[PDB]
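Visitor: sequence plus experimental coordinates follow:
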Amino acid sequence: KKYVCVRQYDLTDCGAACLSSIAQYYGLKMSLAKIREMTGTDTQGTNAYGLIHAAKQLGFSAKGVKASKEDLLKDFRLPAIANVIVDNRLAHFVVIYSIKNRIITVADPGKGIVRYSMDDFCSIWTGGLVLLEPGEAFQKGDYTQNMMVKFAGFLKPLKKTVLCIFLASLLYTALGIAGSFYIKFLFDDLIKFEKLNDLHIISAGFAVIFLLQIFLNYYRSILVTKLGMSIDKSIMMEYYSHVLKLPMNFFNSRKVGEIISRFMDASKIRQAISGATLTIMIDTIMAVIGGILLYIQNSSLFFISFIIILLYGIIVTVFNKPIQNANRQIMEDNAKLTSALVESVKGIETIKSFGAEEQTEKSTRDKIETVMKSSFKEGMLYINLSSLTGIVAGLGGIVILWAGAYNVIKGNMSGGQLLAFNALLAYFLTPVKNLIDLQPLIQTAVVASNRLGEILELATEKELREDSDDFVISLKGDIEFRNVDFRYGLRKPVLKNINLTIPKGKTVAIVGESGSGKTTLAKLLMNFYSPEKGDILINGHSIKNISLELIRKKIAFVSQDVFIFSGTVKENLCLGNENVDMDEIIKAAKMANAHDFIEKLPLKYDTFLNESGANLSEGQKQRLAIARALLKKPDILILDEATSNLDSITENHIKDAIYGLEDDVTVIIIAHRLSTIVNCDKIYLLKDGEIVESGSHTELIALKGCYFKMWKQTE
Amino acid sequence: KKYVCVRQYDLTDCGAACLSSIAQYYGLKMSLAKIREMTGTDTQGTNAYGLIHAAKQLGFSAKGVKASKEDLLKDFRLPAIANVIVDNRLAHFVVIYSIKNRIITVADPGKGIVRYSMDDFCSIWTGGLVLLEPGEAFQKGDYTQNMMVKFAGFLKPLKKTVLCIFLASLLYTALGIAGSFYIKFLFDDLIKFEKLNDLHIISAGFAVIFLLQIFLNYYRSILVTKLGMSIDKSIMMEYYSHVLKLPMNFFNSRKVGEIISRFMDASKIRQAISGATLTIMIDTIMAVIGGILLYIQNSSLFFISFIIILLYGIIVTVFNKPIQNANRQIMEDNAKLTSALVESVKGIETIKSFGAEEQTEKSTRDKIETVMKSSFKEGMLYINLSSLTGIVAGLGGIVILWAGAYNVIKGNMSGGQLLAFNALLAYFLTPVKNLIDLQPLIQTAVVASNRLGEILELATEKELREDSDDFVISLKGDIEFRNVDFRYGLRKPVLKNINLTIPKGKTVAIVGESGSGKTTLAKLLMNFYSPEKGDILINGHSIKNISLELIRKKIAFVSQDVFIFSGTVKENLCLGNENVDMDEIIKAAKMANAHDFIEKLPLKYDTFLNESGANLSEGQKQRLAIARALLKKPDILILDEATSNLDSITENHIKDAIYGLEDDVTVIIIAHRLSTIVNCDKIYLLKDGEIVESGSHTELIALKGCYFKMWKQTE
Amino acid sequence: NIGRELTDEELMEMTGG
Amino acid sequence: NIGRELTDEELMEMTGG
Ligand SMILES: Nc1ncnc2c1ncn2[C@@H]1O[C@H](COP(=O)(O)OP(=O)(O)OP(=O)(O)O)[C@@H](O)[C@H]1O
Ligand SMILES: Nc1ncnc2c1ncn2[C@@H]1O[C@H](COP(=O)(O)OP(=O)(O)OP(=O)(O)O)[C@@H](O)[C@H]1O
Ligand SMILES: [Mg+2]
Ligand SMILES: [Mg+2]
């Protein structure tokens, strides 16, 4: 059939692009976001086992093989996925389509489709050919749709403004056409017959027409900018709302940069919907009117303009692609130089200590030369295009004028009519030129519409569960785990049958070592992630049936890295909650000993937090999360690693606070390095993976296990 | 007299701007970089004590006062510095110049000079008027120079290219002027007399002239882009080299963002030197030629064009300032929205746990509305300017055409001459319009030259210290600290008077607590910072008499946050000292046990890392650090905290290797961990910034004091 | 089939980017 | 003088930005 390659929206994903291209070749189109979710792409990069598992899921009978140097066997199916090394820096998955004696068809997802020599491919391709076939369950079905017909829906409530803009454009065109015959009337009647006292009147009349064109232009500009802002704001706001609604997998898979980057491309979509839709209509109509007038006025002078337009279109279409192929390389070379500069100035300690002053200077000089060369290539392309367009335009103008003079000589047209023709050409060349150069805008808008329109199609967090809570209004109960299994994306499982039982109102501590999954127990206990195998029970009830908002309202969760957002202490400390009395904050800050800095700050509680704890320290920022947690009235408190306190009295006061609870609540404490482990109701030691040592106070040490040896090692 | 206000380049330096403004008012100009160095600004912000110290240094009799609400007294001098609060978010030093009954002249360094009402001002400024007077040691003098005549020096070696560009532009102008009479010749001779067989010849002749203008345009474009790239590269490279030469105070005072930002403004300087100097000459000459031609052709039609130029210039000059005043606010409102978005998407754990999905949505909607309003204000300004310019241009065109017709009616001018005048106006209006709109470019270039050109005027690290090689050929020597005092800036002295001696000890161990300044001691030993009082002696010789290169290459250092460059292990490991044989690297790896993870890597030693070695964990990162340190084979080693992982066998091997050296080289180990220093010979305990106990561990335990309690607390 | 099939850990060691 | 003079620490607590 036909070779198809799909581009990559993000630098992180390559296997998803290859798998989507292969599926499209076999006749199945899916949104790249779904493909990424199936493969479990991480921020570091795509794993080939993700590709093999996604292929199995889609119905492709697939297998990964480490092939030798020889690529001449005939009995194996194509296309297939193999990895390559980008000039021996990093890996990059690509799909090969057909092999020849010395030509290999290599569809690079990063850049189009290319042909490689056998030796160069064998050097770049380390191994790992992923052979794929349809397994008779593969059904030729495509879930892909049109995003633009969905984003253009936002133009429906604003039909009045669009229609008014169109009417204003039509009247602007009419006045501009009418005012262009001033030179014809001047050089055909007013000067030849020297009809004075009419020149003043006609001049005033044509002045009035121009003081009316500017009003229409002003009004149209006001309306169009208002429309553009109104639609751009709505696009941005819908995207932000849906992102805020997305589950945690979306935030773990993608970085912050990509999510914020899908926020600046709403302007590109707006340009197509607002600018590139109105301009099509108005320029098409105005070009048609101008062309008809030009043809009626003289056909021979019209053919010359038509030829000029054709030449300009041919030149622009030819020069379109080399410009992008040169603009991408400049971006790559600037991205390298900026990283080099930041890396160098960040590590001045090491550079100065080791004496590498000349080496970094030479390296930066070379990178600057490379980016200069790429910019010069783009400059040469622009100069070539501009020179060709200038030659075409100037020769067209001279030819039109000469042919007009030749027509006038034979008594076919009048000189004033020639000047009117020259004036009218501005209303036929400009509209068509706009549509000729509009194609790159439409293409980039279509590209950017598939980067935001695929995110909106992911299943939002709340929907995938059934909610029913008429029977129970409380979280109080026991925590049970039944062979709960969790797996970060597609990697080695962490949580594995963590049989647990937490009676109500028990002091619980989970100790372990770095690497062992211990906060993951809390994360599943708070319904952030979902266990694929097994389930957890509260009060003998499944967490999946529990409503979404209640399971995150009655459970308080401190984080290892506490987050402090820009604002005042009051609003930050009462995040999420609203309509509270000022005494609750006072007592909450008294439990966590916040007053020790409350009097220190210039304002009691309205002190602003600069950017994020810029004037604060870690040992102080730590003392805010507990206050908020206790403020939320937690029926289940999950106190995470509260390190860097550096205050014994604060520890023994805060510890007492937990013991002295007015309302019975299941406290779950995450501890590390055997810190503040004196006495608890239940103590569980996660040495690695599987839970092994689950013993109470003066019961764990007895096991003579690792807890024992560590406990008599500490003291 | 003159109310001078200095505009800050960076957001952090406010006190420096205020002090420079006051000094300029009394008649003394300094480079803002030097004022900033004298006042000692931290990245967090300026200090008032720094301002009082700088005023004392410059000779100003100065004092800070906590003024009350009442400020109606006459008996205190102005101008004076007070701090205000920017809508109750953050502090901002500003200078007041004159007080009235209800008007206060407040010269905000951030934005021009403003007038405040008494109530609003008294609400805005907290306290601390800083009063300054000349102290009779104050000598007037202007130290500033025109850095532009210094950056234009780069144009001197490239005089041939500039002259060739100028000659090409002159010939381009000549051909353009000559080719503009085609319409005059057409409508005055060739059509009136119907002289056929001459129309073809003249058309071909004017076609040849236009196919020669494009060649000159092409050649000029090539030369000008080559010149621009060549000068921009030189500016960038000089700045980068000098930054790499600057001492560590410059890097501690400034952030990474500012240093990299002074790298993108070389383009602005190049635009003035390369573009805005050639354009001045060529456009002035071509405008003079066009104006003379128009005046000779007809004076009456020339006056109308001159009036149009005057109107356009007036409109542009009037509208220049409000456009900048509106563009700055848009940048501020985007900088707020971007920070809000990044902060929100970064802390999704807390937002989802607390259920604040609606609060953040509302806040972002409000910020989006604010930025839309600011953009609409800028849009209204642009539309107003464009409408006024369009009215002026259109009315000028109509009036010129009508006056030309009126002149033709009374037998004063010919119609072809009128068309020639209309064609020629394009060679007079365009050059003058270019010079009219060139003023903002010159102004921003001048601003950008004061922010890159002041950095180049700082004294680099190498020039200060004097040295003689005859004294001590070697570097390794007994270390003696004599009364060393040091503070990072104008803050609490980190180091008080201390006395140390390292008499060729096998091991030296410096232990203390966080914030004591243990690493700062070694940082001062390596001559990164200089001691205020006292000195350090090696072989009874001051470090200030030793060459920088020898003292910098013979001292091996390990940082807390080890830095790994983006390159292969081979080049990363031996940076600074190239031409190193494989045996040295292999034995350094053997001593550091670097081989253990090397076998797992796909390539033994040429493996290319990712950005800063993200995939590599910190455990092997430290091992790379010790390998890099020991590769130099130095005289003195300063080994910082190498805790790494609980794999104690690696630390045991490292200690065994160091003991197996059995050499006369000295080792200074900085470690907070108490157990690892059990086998050390000389142990210095630095508490509260002063050395307290000195000697071996066994006698330190029997000395009671304070070491005893921690030693028997750990074990 | 072309060569020798791979195990899950051999797929683990192979990554992209 | 205008009002009450300040010590070094009172200047220290005052910062800018
Ligand atoms: N995105 C991720 N963030 C954190 N850990 C992850 C992630 N993906 C996989 N993991 C794995 O999950 C485990 C983290 O365990 P967990 O965070 O529960 O323990 P912890 O001891 O509290 O953590 P820490 O490593 O901060 O001490 C590790 O094995 C880690 O490799
Ligand atoms: N730019 C700066 N760099 C380092 N320290 C600074 C700086 N400005 C102020 N300080 C302060 O100076 C003191 C020096 O601390 P330093 O980091 O040298 O401590 P240390 O005892 O060597 O150990 P640690 O690395 O654990 O902090 C600290 O109180 C620190 O807050
Ligand atoms: Mg953890
Ligand atoms: Mg330190």
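Guide: Received the coordinates, thanks. Numbers count the residues shown, from 1 in each chain, chains lettered A, B, ... in the order given. Ligands and ions are numbered 1, 2, ... in the order given.
Visitor: give the next helix or strand downstream of the helix or strand containing residue A:291.
Guide: Mapping residue A:291 onto the secondary structure by DSSP states H and E places it in helix A:276-297. Tracing the chain C-terminally past helix A:276-297 and defining elements by DSSP H and E, one meets helix A:300-346 next.
Visitor: from chain C, which residue is nearest to ligand 1?
Guide: The shortest separation between chain C and ligand 1 is 13.4 Å, found at residue C:12 (distances taken as CB to the nearest ligand atom). The way it works is simple: take the backbone N, C-alpha and C, and place the C-beta from them, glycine included.
Visitor: leaving out the residues flanking it, which one is nearest to that residue?
Guide: residue A:49 (6.5 Å; CB to CB, 6 or more residues apart in numbering or on different chains).
Visitor: tell me which residues are up against the helix or strand hosting the one you found.
Guide: Residue A:49 belongs to helix A:48-58 when assigned by DSSP H and E. For helix A:48-58, contacts defined as CB atoms under 8 Å, 6 or more residues apart in numbering or on different chains pick out A:15, A:18-19, A:23, A:28, A:35, A:38-41, A:62-64, A:81, A:83, A:93, A:128, A:130, A:132, A:138, A:489-490, C:8, C:11-12, C:14-16.
Visitor: does stretch A:387-400 come close to chain B?
Guide: Yes - counting by CB under 8 Å from any CB of the partner chain, contacts between stretch A:387-400 and chain B involve A:387, A:390-391, A:394-395, A:398.
Visitor: just the C-alphas of the helix holding residue A:291, formatted as CSV.
Guide: Below are the C-alpha coordinates for helix A:276-297, written out as CSV (Å, rounded to 0.1, in the frame of the first residue of the first chain):
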residue,chain,number,x,y,z
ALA,A,276,-8.4,32.1,8.8
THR,A,277,-12.1,31.4,8.5
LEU,A,278,-13.2,35.1,8.1
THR,A,279,-10.3,35.8,5.8
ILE,A,280,-11.2,32.9,3.5
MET,A,281,-14.8,34.2,2.9
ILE,A,282,-14.0,37.9,2.7
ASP,A,283,-10.9,37.5,0.5
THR,A,284,-12.6,35.0,-1.8
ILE,A,285,-15.6,37.3,-2.4
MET,A,286,-13.4,40.4,-2.8
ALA,A,287,-11.0,38.6,-5.2
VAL,A,288,-13.9,37.4,-7.3
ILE,A,289,-15.3,40.9,-7.6
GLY,A,290,-11.9,42.3,-8.4
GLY,A,291,-11.2,39.6,-11.0
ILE,A,292,-14.6,40.2,-12.7
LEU,A,293,-14.0,43.9,-12.8
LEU,A,294,-10.5,43.4,-14.2
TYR,A,295,-11.7,41.0,-16.9
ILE,A,296,-14.6,43.2,-18.0
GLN,A,297,-12.3,46.2,-18.1
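Visitor: and that helix, what other elements does it pack with?
Guide: Helices and strands in packing contact with helix A:276-297 are listed as helix A:159-178, helix A:300-346, helix A:415-424, helix A:429-452; criterion 3 or more CB pairs under 8 Å, 6 or more residues apart in numbering or on different chains; DSSP states H and E.
Visitor: show residues contacting that helix.
Guide: Outside of helix A:276-297, the residues within contact range by CB under 8 Å, 6+ apart are A:152, A:155, A:162, A:165-166, A:169-170, A:173, A:177, A:224, A:301-302, A:305, A:417, A:420-421, A:424-425, A:427-428, A:431-432, A:434-435, A:438, A:441-442, A:445.
Visitor: now do the buried residues in that helix.
Guide: Of the residues in helix A:276-297, those with enough neighbours to count as buried (16 or more other CB atoms under 10 Å in any protein chain shown) are A:276, A:278-279, A:282-283, A:286-287, A:289-291, A:293-294, A:297.
Visitor: for the top helix by length along chain A, packing partners?
Guide: Taking DSSP state H as the assignment, the helix of chain A that covers the most residues is helix A:357-409. Other elements packing on helix A:357-409 under the criterion 3+ CB pairs under 8 Å, 6+ apart are helix A:300-346, helix A:415-424, helix B:182-185, helix B:199-245.
Visitor: at 7 Å what do you get?
Guide: For helix A:357-409, the packing partners by 3 or more CB pairs under 7 Å, 6 or more residues apart in numbering or on different chains; DSSP states H and E come out as helix A:300-346, helix A:415-424, helix B:199-245.
Visitor: mind listing what the most centrally placed residue in chain C touches?
Guide: Closest to where the C-alpha atoms of chain C average out (CA atoms, centre = their mean) is residue C:11, at 3.5 Å. Remark: with contacts taken as CB atoms under 7 Å, 6 or more residues apart in numbering or on different chains, residue C:11 is in contact with A:48-49, A:52, A:64.
Visitor: mind running it again at 6 Å?
Guide: Going by CB atoms under 6 Å, 6 or more residues apart in numbering or on different chains, residue C:11 touches A:48-49.
Visitor: the one 5 residues further on too?
Guide: Taking CB under 6 Å, 6+ apart as the contact definition, residue C:16 lies against A:14-15, A:45-46, A:91, A:93.
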